[PDB]
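Taking it in order: structure first as structure tokens, then the write-up.
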Amino acid sequence: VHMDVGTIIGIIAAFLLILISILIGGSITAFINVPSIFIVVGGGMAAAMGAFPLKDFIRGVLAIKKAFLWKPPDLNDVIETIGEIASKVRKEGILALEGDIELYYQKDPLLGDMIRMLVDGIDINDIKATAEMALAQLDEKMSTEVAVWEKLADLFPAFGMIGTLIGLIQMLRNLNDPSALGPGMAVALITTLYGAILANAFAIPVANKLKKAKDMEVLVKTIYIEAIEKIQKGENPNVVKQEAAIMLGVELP
Amino acid sequence: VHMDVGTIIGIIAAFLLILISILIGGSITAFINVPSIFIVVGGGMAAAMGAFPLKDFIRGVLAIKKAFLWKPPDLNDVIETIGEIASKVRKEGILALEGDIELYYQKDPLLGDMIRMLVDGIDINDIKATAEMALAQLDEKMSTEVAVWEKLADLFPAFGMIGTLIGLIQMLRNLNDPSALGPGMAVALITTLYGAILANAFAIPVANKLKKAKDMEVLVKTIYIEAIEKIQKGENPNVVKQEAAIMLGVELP
Amino acid sequence: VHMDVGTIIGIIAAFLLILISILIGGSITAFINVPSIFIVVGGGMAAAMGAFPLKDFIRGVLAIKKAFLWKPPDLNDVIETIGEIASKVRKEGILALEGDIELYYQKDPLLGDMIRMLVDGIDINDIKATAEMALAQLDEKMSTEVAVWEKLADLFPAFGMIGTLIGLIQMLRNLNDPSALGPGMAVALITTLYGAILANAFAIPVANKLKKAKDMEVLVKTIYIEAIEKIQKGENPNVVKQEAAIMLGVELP
Amino acid sequence: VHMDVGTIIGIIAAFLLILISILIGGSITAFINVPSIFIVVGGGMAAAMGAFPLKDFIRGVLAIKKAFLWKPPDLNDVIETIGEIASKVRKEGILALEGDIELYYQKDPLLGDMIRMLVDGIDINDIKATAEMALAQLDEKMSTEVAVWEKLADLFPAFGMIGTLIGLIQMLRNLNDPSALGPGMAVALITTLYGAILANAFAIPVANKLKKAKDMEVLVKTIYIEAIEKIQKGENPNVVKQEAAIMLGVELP
Amino acid sequence: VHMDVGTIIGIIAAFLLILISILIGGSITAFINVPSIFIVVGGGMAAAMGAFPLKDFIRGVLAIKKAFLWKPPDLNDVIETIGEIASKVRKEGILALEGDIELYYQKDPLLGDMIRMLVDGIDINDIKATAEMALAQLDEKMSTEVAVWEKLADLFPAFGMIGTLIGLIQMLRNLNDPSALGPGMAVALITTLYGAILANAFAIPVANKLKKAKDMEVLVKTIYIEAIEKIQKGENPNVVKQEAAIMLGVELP
């Protein structure tokens, strides 16, 4: 497999046209305003730390590494590992899947404890119904890695409208120098630009690449659950592939 | 569990980066305007008192003690309770849980009136289907503690747009003094700043920390429902902890 | 069923903290603008009469009487009714309930014609499956009373933005007088204030006390639908109260 | 059966307060801008003609004839024809229901092809399973008549932001004339008013009169789906009327 | 079948009314701004590559060939193919469809492999149970081609508010020249016009002609799933079209 380069070139080339459109006009020393980086970056992170427990914000902020360097699941191997379990259950039975739990526990953590329940002797109606309520609450841990980045997309630009009115009321209070209305409005217009740079170029794409990586990795886990229901029913090994290549949209020769 | 310090440091360090950006430019004597605190705070909590019955607004406002000092339910004891109920039903039967009702009422009141129905001898199809509906209306109790703070977050800044114009119309009435437009536009802009200090830093984090505390305390309530369905069917103690450590994602040796 | 003063003191104390901030500014006659009360109120209510049929708007505006003077259903008599029907079914059977149909028809209209369908002898799969459809289409009588005040809350402020652009253009047409730019910008700024004082301080709380009046008066109907399915099956009276006190969070001594 | 006069006097009285408010301050010739009707009315009708197939827009833009002159289904006859079909069924069986299919096909096009299937002898589990799917995809014919006016309402004003900025950039590029900012800002402020007079007072009411004309025309269809299932099973004529007056909310003697 | 000329003539006629309003008040040499077509067109297309994997964005950005040149499925053949299978399945059995799969695979790729499962002998409780789940994941390939153009519809005008604020600050930094505010404010107001020209007249229709083209192509896929279930049960060819014309809304002679 390889790495999806869609998000690196998507944010590097979004911060490189925001950085060239500055160099095309003035310089890059006017747009650096340090006491207004903390009110949007340091403020939008801390005010969004209180919107979640401490454990769901430490994950959701350290979950960029699943946006930038994400590797899509090889679907031609999701099928092959189903026909590898299927033939194994018909060749050596179902009780001989215990020495291979750790092999499928490296494929994904849900196929590994769904075969452990298969060897322990639990009927499918209690495996397809416990591992379906475990997967729906495994993605609720992935929907909390997004709800952070859907909150930073809402708190970064809404903390610039704070860093502006804080830096705009201070200028109107004095207003005595007539040359303090020009530069005093630009410094108060940067804290908004940082709110629109980070929310649109950085925090919305990561809030979505974290969603298209959930709906894609849940879709593979929602296929293992349907095969295990058809693995223990003794279905033909060549039919659990054929019922998955159709289910995923993959061509098979 | 100790506590979730993700919201005390989340709302203080947001109100402490706001109070710095004010002290860096000037003094905070310019941003204190008392007759514009009683519209954003006094109004935003007055109109939001009318949006809910009185018993559902006194709860929603006093539901801050659940946002700030919240301690998440430890999933290592949500399991060691089901492993403690199951053996007490497998050893001494189901009718020997009368002496443990008030003790199983202390963990959570749902397991307390779900074993009381279990000892009376009501079939699982009712206790499983009543505690499913008793939870959905114990959930509408917590979704109103959040529906308040998602309404103050919509009325704190929307009573600033009223507190602005009420003080922005009088500035246009008497436009004789040329120096009455400077500070008059500053005072009429503070009542908008007070609306974004509260909606963004205080009312949205509490309208969410009360939601990530609902969805977590429901999953612990939802498992006790699924776990008792396995207790009246006479299952093993270790076959329900395994189906509940997988339904949560907890490690077991 | 005593009184809910949550909406009376919720709007009067919001129309006062507004009316105080206008009197503190110095004058109230500067905020009274008669040819702009007919465009925000006369427009927002007429342009929202066409968004509904005639009987869903006349009924939905006379539903402001259910926001102010609303009395929540006492959940200690929803229980003492179910324990009074089941105690009457176990004593006199079903056929001896003809003399009490009008008695329950005063509690709520659904229990009166859900016992009529019960006395007639219709199978429970048609009594429960119809009342679940009578109620599901009894909320569309209540979710319209909300959909009006949620359509007015979106048309009251967006019909003042028309009241502005009509008075903000007449001022820009005739700029010969420099004394018509100050007071002309205020009069065109009042119809924007009327748009936010009504929509956000009066028309949203009446749109939300009507939503918590539905969700609470449906929870009561959703029990009689269940408290009858358990009553015809010949269950004990003290069980249908125990299973209904738990679907409500009410204590039983 | 009369016609709903809730929209023909609801919008005509909305366009009569937006036109009286104009004639109070000045004249109407100041607001007539012909080369700006073609961006708001000519553009938002074209830019929303491309958002739908050519046949889903001719239906959606010709749905004003069903928003203005709509006559609500009288539920005092939906019940009388339900007890008329059953009394026609219990009298002469289900096969002799063919000499009236052309009579019930005139009531509504769904009761005509649901009785035509009732004569052909299809099982009642299928005449209801296709009709529930013939209806759920008969709303997608009605919800596409609504999705146009919920797309025009979002493209009438958002095409005023274009007609403004097109007429505001040409004024700034030619700011030599000092008297060109008085009328040049008014004429550029009308295309935003034409986008709020149509989207808010003409296309949002029709987008919500076609939604309340759907839910009241599906409620009658959805009752015929249940009244044909309770007729093949051979229920009394008096019960299918009693279960349908309670399913609609109509009083019976 | 033909080409839907609703988007190739309804967008071009909506890109001229945005272009004839420009040629009426001046020239286009004032609304052409090269260093600003790279922040909205070059930026919003790069900052929306990062929101999707590299394969789900190329699919959606190349899915305009489905908006402009789309061919509505002739529902008078969706019903004439069902009658072509049922008359061939009843005459020559189910097993004799092998010689005509590649024909039914060119109608649509879902009926071609749903018959391939029908010939292998899979029970309909796994064919319809797969082809209903193989269709729910055939939408996410179409629901992304929509989800891309609803993201460019929200990132084209969000990069205009960036291109403005970058072009509005470089003006306020250097405001010594009194003639540098006019032509400087117009150029900083074009980068916003370039956003609402594309996000409105180009990206909202393609995001909605891709949504009304999905609902029609998933409608035909859903009817095949409801016909094949009626084929394996061996229903008459005249009773599967009878339930497919009604399920589709088509007239049959």
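Labeling convention for the structure tokens: chains A, B, ... as they appear, residues from 1 per chain, ligands from 1 in order of appearance.
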
> Hey, what's within 6 Å of range 60-67 of chain E if we count only C-alpha atoms and toss same-chain stuff fewer than 4 positions away? As a PyMOL selection string, please?
Replying inline: chain E and resi 145+148+206+209-210

>> Could you work out which residues of chain B fall inside 6 Å of chain C? Count only C-alpha atoms, and format the result as a count of residues only.
In response: 13

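Within 8 Å of residue 225 in chain B, once only C-alpha atoms are used and residues closer than 5 positions along the same chain are dropped, the contacting residues are residues 128, 131 and 132 of chain B.
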
Keeping N, CA and C atoms, export the residues of the selection given above as a PDB file, in the first residue's frame.
ATOM      1  N   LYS B 128     -36.030  -5.183  29.116  1.00  0.00           N
ATOM      2  CA  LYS B 128     -35.195  -4.734  28.013  1.00  0.00           C
ATOM      3  C   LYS B 128     -35.863  -3.644  27.190  1.00  0.00           C
ATOM      4  N   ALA B 131     -36.618  -0.248  30.033  1.00  0.00           N
ATOM      5  CA  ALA B 131     -35.384   0.479  30.290  1.00  0.00           C
ATOM      6  C   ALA B 131     -34.773   1.038  29.015  1.00  0.00           C
ATOM      7  N   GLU B 132     -35.185   0.546  27.845  1.00  0.00           N
ATOM      8  CA  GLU B 132     -34.838   1.223  26.602  1.00  0.00           C
ATOM      9  C   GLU B 132     -35.580   2.542  26.468  1.00  0.00           C
TER      10      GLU B 132
END

>> Write out as an MDAnalysis selection string the set of residues from range 104-241 of chain A that DSSP, computed on the backbone, places in helix (DSSP H, G or I).
In response: chainID A and resid 104:105 109:120 124:126 131:135 143:155 160:174 178:180 182:212 214:231 237:241

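For the pair CA of residue 94 in chain E and CA of residue 119 in chain E, the interatomic distance is 6.5 Å.
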
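Residues lying within 12 Å of residue 108 in chain E, counting only C-alpha atoms and ignoring same-chain neighbours fewer than 6 positions away, are residues 73, 78, 81, 101, 102, 114, 115, 135, 217, 218, 220, 221, 222 and 224 of chain E.
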
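One finds CA of residue 87 in chain A at 13.5 Å from CA of residue 100 in chain A.
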